[PDB]
Amino acid sequence: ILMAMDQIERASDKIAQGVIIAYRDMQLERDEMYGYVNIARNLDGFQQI
Amino acid sequence: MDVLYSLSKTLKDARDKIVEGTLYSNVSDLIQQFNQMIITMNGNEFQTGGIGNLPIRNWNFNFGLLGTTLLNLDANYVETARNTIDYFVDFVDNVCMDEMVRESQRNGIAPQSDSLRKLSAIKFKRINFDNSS
Amino acid sequence: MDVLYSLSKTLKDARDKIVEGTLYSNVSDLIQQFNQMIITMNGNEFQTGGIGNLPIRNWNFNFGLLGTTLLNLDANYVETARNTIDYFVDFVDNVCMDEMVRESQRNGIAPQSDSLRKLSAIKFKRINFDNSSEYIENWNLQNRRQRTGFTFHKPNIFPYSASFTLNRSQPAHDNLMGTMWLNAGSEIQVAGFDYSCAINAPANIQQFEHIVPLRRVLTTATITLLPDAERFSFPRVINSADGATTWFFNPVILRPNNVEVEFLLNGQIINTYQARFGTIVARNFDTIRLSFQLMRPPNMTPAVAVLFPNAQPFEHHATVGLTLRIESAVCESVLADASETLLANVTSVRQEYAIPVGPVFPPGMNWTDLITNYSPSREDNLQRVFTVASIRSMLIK
Amino acid sequence: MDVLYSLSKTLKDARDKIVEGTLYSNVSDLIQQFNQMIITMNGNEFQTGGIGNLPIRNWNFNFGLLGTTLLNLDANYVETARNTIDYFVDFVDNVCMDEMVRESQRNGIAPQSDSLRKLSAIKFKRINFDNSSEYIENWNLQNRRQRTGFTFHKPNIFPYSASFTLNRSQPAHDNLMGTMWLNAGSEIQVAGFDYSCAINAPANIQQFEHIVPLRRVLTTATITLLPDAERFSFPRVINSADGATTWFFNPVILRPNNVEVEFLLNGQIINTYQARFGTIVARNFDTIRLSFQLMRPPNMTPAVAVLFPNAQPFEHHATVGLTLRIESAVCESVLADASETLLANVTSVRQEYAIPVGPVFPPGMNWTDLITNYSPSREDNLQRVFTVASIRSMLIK
Amino acid sequence: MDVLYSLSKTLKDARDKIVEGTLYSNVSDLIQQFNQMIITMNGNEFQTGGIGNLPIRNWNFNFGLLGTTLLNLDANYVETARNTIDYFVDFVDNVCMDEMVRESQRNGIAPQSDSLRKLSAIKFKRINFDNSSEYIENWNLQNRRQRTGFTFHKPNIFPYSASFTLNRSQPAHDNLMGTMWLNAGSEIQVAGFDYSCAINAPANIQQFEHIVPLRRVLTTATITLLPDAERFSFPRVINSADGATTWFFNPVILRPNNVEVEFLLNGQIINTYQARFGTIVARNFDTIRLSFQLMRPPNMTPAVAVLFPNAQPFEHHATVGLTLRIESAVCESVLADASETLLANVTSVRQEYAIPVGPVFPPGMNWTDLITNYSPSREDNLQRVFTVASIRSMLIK
Amino acid sequence: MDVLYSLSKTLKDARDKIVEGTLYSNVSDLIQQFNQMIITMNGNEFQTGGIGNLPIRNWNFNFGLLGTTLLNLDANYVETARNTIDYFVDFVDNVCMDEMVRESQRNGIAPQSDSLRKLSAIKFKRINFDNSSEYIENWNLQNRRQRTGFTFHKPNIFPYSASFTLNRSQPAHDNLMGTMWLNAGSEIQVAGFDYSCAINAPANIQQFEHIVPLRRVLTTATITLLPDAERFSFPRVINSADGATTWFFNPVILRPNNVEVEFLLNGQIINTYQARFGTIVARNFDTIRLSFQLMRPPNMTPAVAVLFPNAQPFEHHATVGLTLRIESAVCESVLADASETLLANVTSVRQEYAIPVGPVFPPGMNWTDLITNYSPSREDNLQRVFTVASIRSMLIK
Ligand SMILES: [Zn+2]
């Protein structure tokens, strides 16, 4: 359970892992699951709270 | 200049007071000053060096505040604080070197490095602490 | 060590801050520290001494906490605080002496006295306070393996050595060339002498060199370099190298030309100064190389021509000197210097209590021998004892 | 460095323990460690090489965890593990080579490659596992500021030297007294020779001394001392001190008289052995002083007496020698011995990839020069590269 | 082979870790492994011996499992475990001896004993455990066709050879030029001699070369090179090349001139050292070429000039020598070294049980012949027997 | 002894495995063992020292159990563990030194120090962990009276003895014949010399024999046999048998003839090698018998016929030789060897703390005297102190 809980939570659909604000114009990414989304796949380059 | 001295003073106090086992009452004021410094510095970018063989270094401040402990701060607290203290100490070292290697015939009292010129702005004046040296 | 320093610092801050009439807002935090010190030390038995003439003493702590209900301190509060502080200060003094009188070939920095070993336990870490002084700061830095630095005024980096090296000589010692030198503390005086005044030398120039290797690397040193060695400019009668006989030295001083002072680190020339006198700076070095030449004056007035003949009888001997003093320096290791009394305190304690000669330090804490053979174990032990001496000096006047 | 060692240790343990048919209870902890390593390394990017001919390599980690639910591992599990193990082993190999090939004159003990600098971060501290090898444990002890020790079998502590000193000499080299020596690796061979066999010496005894100082203190050393220098017991034609000419040495070997071997630390006698050959123990020393005498045989049979006349013609030259071999020792600083292959690994990597000579080590990692001028920066860099070499050798063979 | 190694490893762990009083959390996994071993081996019959004088012994396995319901294991647990450990250790002993005393020209890697053939069955694979030893690691690697590496302290790589080449000679053997050499184990010792001292040679230099080809490619080897061959520096009477007569060798040693030691790999020069002595590194090589020169001394004092006349009678013969010792090395194949005892164990078992000479190994496991002709079949059989011998030594002295 | 070893092993594992960031599953078993150790050792008081200069030390144990409620270890956990580990390590060090510096004529195998006798109680059996080390394994095997075995590289089994026997001799020492040997450490060099070169011997052959009986039985020993005695092949002036005069030995080396090396047990030839040099194997022996011959060359060139006349003025003395080195061996008893450091550790502790000469070991732990008279009591005491030294070395370096 401890090794697979990260994956189970990520697979969940009613919650996200966080929100990057970034205060700048970022092009919406194009994904199969949805035409355009503000999907961030990693928090690299941003201070985390 | 006063801002640079205040950064050095608060870093020296953090190094010499934030030690495993000490009471939190011994460093309440220091931690408040340190967190004020972190808040004020966060989001600001600095560039140091570029004269002679002094390397050009870029400094970005993205740090969380120091926490609290009920009675006595412990090893985890000291390590977490030490990471930020080391980064700030490196920054102050480089700012001081870049100031030392520069001179101006006119307005020699005025700051000569871009880092110290930025620090002389009004936003950083909240980092002053005590000018005792 | 950090706990011992914290005890000393708390006691000093108590003896200076807790004074009658002062606002309790001025000493609230200090009193919290003092009460935690008392709570942590209560119920512990310590034993100090037992080595040499240092008496065996026992210490038991059962004290009450300082009050906290006053807005201003009065006579009674200061009196009770002083009564507790006196006993704590006596305990600190005896712990410091017990630690200073002890050595160890292995793990020199580790606590050696029973009291300091007991204090090294984890229950006493609760009393740590702030490590602000230079020596405790460097102690923590070297414990974490950082770059330490001690600032010395006239560091005692050169072992005493007064000697001479002859490059030309005879059984009669009536025509000599060579150098004489004194290295002492922070001063090098070197004088090259030539009896013939380079009459037959190639280009009438006689070269002299002097290499002083330091046992530790100094950094950011201010150095005064003057063009004459006053110590070797008067007539002398000197034992011969073997000691069988004595020879006569009758100097007459000329200016040294082509003076070159090179400060080297690991055989690499870090700083170099030519024909430069006064205040110079050596940023990082562990060897000093002085080169200087005696040049026969191309033109002489009669009183100088009489002095310097071409025949053998050389009544007056040409001499060119240099003096080099390290006014201040920075060293990663610990040294005795002219402004600090740490070596004096350690030696005084050992002499007062007749501590038997140990396996690490030379007898009587002889600084000549210490610096001459400054091994890593000696450095560790010396840093420990100097730190303890500084802690003691915080309290004992 | 601790993270790198943990990576290599985990990969070696996975290679050794993840085998077909083994109970999963045998490797449960190992697989937890492996999954933790994979999690920590996932999503990070590394670069290695770029110095000399070492190729620039980029490493990315997007691996999946390993199963934890079988009772006995099967072939599928072994192959699935091995595919990831190969990539991780290659990454560790290249990081280790990148660290070995580099050096720094300042802070040589700190990581030099960017990959190891990245691994120094706190995020990677989750990969620590075990620190049980000699070099890693000495690394950790040194960082904790405790006593370290490397045990060496035949340590290369003596810089290669082969030379003679002539106390009595003439241009014709017909009547010589002096010593010859070879200090190499872990052996000292010394031979004092006198052509006249002490005919005119006081009490017909010629004294010989040989002092060998070491660059580092050796502890708990086992030594073999034998009474003959087999290297200096045959006819030789040597070249003069200045190389002008050649002189003859036709030795005849006598027993060495009054053999004294002193092991000194800080100039004080720690151990001393008189007329005792075989296995001896030197507990703590940094200098070896060998004293031995050539004593003219008071009684000689005619065949012996004919060898040593009282006039100049000397066809046989009386020689007395000692041989000293350091079989084993313990040193605080890293050295090169006959059993370990760390120096070979470092030198081999540097030579294979044609690393340009740096600012610290001598060309070709020449051990003679390195141990001749064993400085602090050199010691730090040497320990770092040897630790990395041990980490790499855990995996590469 | 892996199953045999795992039986030995689990027995060693059981005999080390199952000691009265130890917590059960210290031996949980080990007891799981031990119980699985017992379950798998139970109900099996093995037969060992029947070759030479090795007794024919039968092994029936029927043992109860070890208990699991215990916090700190007690005397009963230890006794019940040791009774089984003794039988299993004896069985492993005999299986290993049976394996060692056998050889096969075809498929020397395949198990030879019928007991090991049985253990090769897939039913026993569940006992595999952890293959952490060096020899089992290399066994698995060479099974997978991966790189193998064995580290040796002075490996026994040179087949014994004491010989001499005469490049110039005649029946009188009074004017001879050539070389002498002794190769043995890890030491080459060569010495080129010239009776005329290169009086009539161009530039008064005589060239000597010595090529030693290894049967296997050594890697990352530390080598001690010295400039004299003490073995060929004393008077000798050597029987002629054809044994007809004997000739006299009266050497006088000169320094070798223009020394070049180069390590070659398939004819290409991988390493080369010019006039350098001490410790050197050969990264990857299979041949050693040592070239040196006898240079007649350009200048001679009379005591030397007497030694080398212009005419025929040459009482003293100029000799220049080299000594080379491989202190440590790495080899892909299995070899005999100083520290390990695998060759000794195999030879001891064969001699003790009077095993008839087979087709592969030479009589009495003569290492000189085995390494002189190190055929692939011999390498396979030697690796098998050495691996099984290490497995055995893991339990028996 | 077993409990002390378990303490040392637990502390070594604690220092190696308890590191910041490590997964708790990597340490859980060790933490259970460590808490068991703390529970067992709490509330007991120990005293060590008091012999020689070894300081008296008192040890008290009151420690809290290490936590078991973390996923990854953090700085807090490591800091809490480190203080306990340091105190325990110091305790183990002092116990080991106190046990090493003691000895007993009767029951030397039994614990001698108060601390170790206390630890031998039944309450301390709960800490046994695992007796993996070789010395503790052999300790347990010897206690059970199973067969022990220690593997040595270059074992020190021959007490240093250099001597000679003269089968033929006269006052003038012109026509000697006999043998001349050095036995030291692991090497035997024996030379048989004849001044007449077997001119009058039967069949022109002179027989030579040399018997070296070992103090203990050696097993599976790898030997190196070479056909010359380099140590005894140069001119020597040697004191006569009674020390009243000196004689001259001027060797000329011939090949030894009919060399026969026998390794004998209980007077029965176990291994026999004829005219085979290089690496050989002796499976089990307690005496080495070297037989060789000086055969006058049947055919001689003029330069040899001159050397070997018929009359008394023999200027060159024929000599044959043999060298025998024990590269690696196995012994049931403990011995000093080149690779290990246990003898050095024991001798170092005794010398450092000035332990008075006791009733068992010779002064200064002189290995020559010890092995020369290796009594059963000395074997018991030596095994005890070596095992304690190994336990200590697990923690101290
Ligand atoms: Zn060896």
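Within every chain, numbering begins at 1; the chains are lettered A, B, ... in the order of the sequence lines, protein sequences first and strands thereafter. The basis for the numbers below is simple: all heavy atoms, side chains too, and nothing from hydrogens, waters or symmetry mates.
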For chain F, the option from [options] that forms the most heavy-atom pairs under 4.5 Å:
options                                : value
D:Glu134, D:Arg325, D:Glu137           : D:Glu137
D:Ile127, D:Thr301, D:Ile326           : D:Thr301
D:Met300, D:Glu332, D:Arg255           : D:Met300
D:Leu307, D:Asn284, D:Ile270           : D:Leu307
D:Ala282, D:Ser132, D:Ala221, D:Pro298 : D:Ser132

Is the shortest side-chain heavy-atom distance between [X] and [Y] below 4.5 Å?
X        : Y        : value
D:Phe308 : F:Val237 : yes
F:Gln351 : D:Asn271 : yes
D:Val281 : F:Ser348 : yes

Distance, nearest 0.5 Å, that separates [atom1] of [X] from [atom2] of [Y]:
X        : Y        : atom1 : atom2 : answer
D:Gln36  : F:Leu23  : CD    : CG    : 4.5 Å
D:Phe277 : F:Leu182 : CZ    : CG    : 11.0 Å
F:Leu343 : D:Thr279 : CG    : OG1   : 7.5 Å
D:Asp130 : F:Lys17  : CG    : NZ    : 4.5 Å
D:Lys125 : F:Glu20  : NZ    : CD    : 3.5 Å

Contact winner vs chain D - [options], heavy-atom pairs under 4.5 Å:
options                               : value
F:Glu340, F:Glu352, F:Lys12, F:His153 : F:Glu352
F:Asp13, F:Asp174, F:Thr341           : F:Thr341
F:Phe249, F:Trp247, F:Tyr160          : F:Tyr160
F:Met365, F:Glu315, F:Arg15           : F:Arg15

> Can you name the residues of residues 389-397 of chain F that have some heavy atom under 4.5 Å away from a heavy atom in chain D?
Replying inline: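 Those residues of residues 389-397 of chain F which have a heavy atom under 4.5 Å from chain D are F:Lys397.
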Shortest non-hydrogen separation from [X] to [Y] and the atoms involved:
X        : Y        : answer
F:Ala338 : D:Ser328 : O-CB, 3.2 Å
F:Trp367 : D:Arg276 : N-NH2, 4.2 Å
F:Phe248 : D:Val252 : CE1-CG2, 3.9 Å

> Who passes side-chain contact (heavy atoms from CB on, under 4.5 Å) against D:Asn140, sequence neighbours left out?
Replying inline: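 For D:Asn140 the side-chain contact (heavy atoms from CB on, under 4.5 Å) partners, ignoring immediate neighbours, are D:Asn131, D:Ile136, D:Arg144.
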> Taking only residues two or more places apart in sequence, or in another chain, which ones meet D:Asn258 in a side-chain contact (heavy atoms from CB on, under 4.5 Å)?
Replying inline: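 With neighbours one apart ignored, the set is D:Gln293.
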> Is it the backbone or the side chain of F:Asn156 that comes under 4.5 Å from a heavy atom of chain D, or both, or neither?
Replying inline: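 F:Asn156 touches chain D through side-chain heavy atoms alone.
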>> Please classify the contact of F:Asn366 with chain D as side chain, backbone, both or neither, using a heavy-atom distance under 4.5 Å.
In response: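 Answer is both: backbone and side chain atoms of F:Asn366 are under 4.5 Å from chain D.
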> Does any N or O in the side chain of F:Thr246 come within less than 3.5 Å of the main-chain N or O of D:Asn299, such that one atom is a donor and the other an acceptor?
Replying inline: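 Yes; judged by distance alone, with no hydrogens or angles, the pair exists.
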Side-chain donor-acceptor contacts of residues 223-234 of chain D below 3.5 Å, not counting sequence neighbours, with atom names and distances?
from, atom 1, to, atom 2, distance (Å)
D:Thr224, OG1, D:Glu327, OE2, 3.1
D:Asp228, OD2, F:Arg231, NH2, 3.1
D:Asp228, OD2, F:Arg236, NH2, 2.3
D:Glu230, OE2, F:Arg231, NH1, 3.3
D:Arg231, NE, E:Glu230, OE2, 3.2
D:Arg231, NH1, E:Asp228, OD2, 2.9
D:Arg231, NH2, E:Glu230, OE2, 2.8
D:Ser233, OG, D:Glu230, O, 2.9

> Just checking, any donor-acceptor pair under 3.5 angstrom between side chains of F:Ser25 and D:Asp29?
Replying inline: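 Their side chains do not contain a donor-acceptor pair, so the 3.5 Å distance test is not met.
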>> Can you see whether D:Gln33 engages F:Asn26 through a side-chain donor-acceptor pair at a distance of less than 3.5 angstrom?
In response: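 The answer is yes; a qualifying pair exists.
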> Measuring heavy-atom distances to chain F, does D:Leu141 have an atom under 4.5 Å in its side chain, in its backbone, in both, or in neither?
Replying inline: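 Only the side chain of D:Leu141 comes within 4.5 Å of chain F.
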